[PDB]
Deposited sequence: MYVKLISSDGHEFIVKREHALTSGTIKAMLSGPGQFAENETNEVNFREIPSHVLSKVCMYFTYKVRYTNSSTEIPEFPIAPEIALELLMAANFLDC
């Protein structure tokens, strides 16, 4: 139930399948090796933040707990936007 998302700079991110499936693009891509997706255009400083968003989304969706902000540093905002648009999440 764990899948591998690999960045352009060859960083390997191992996340729960249910988490990665937050992205309709990653769902379609799971349909590299089995349970591996290569992102030729997403570097590690962006994909690490996408994986953090997955964790955040699954934890706080339909939670009655107080929801904290998802923080985005200005220097990654534009790249994370382009990633978010591509991944549809």
Should a student be asked to find the unmodelled regions, what ranges of the deposited sequence would be the right answer here? 32-38
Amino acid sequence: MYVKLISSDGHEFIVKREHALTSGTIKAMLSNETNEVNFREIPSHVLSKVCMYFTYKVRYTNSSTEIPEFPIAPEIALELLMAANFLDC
From here on, numbers count along this sequence of modelled residues.
Would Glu33 be found without coordinates in at least a third of the other compared entries? yes
Higher-B stretch (mean Cα B-factor, as the entry records it), 1-9 or 79-87: 1-9
Select between 45-53 and 32-40 the stretch whose C-alpha atoms have the higher average B-factor in the entry. 32-40
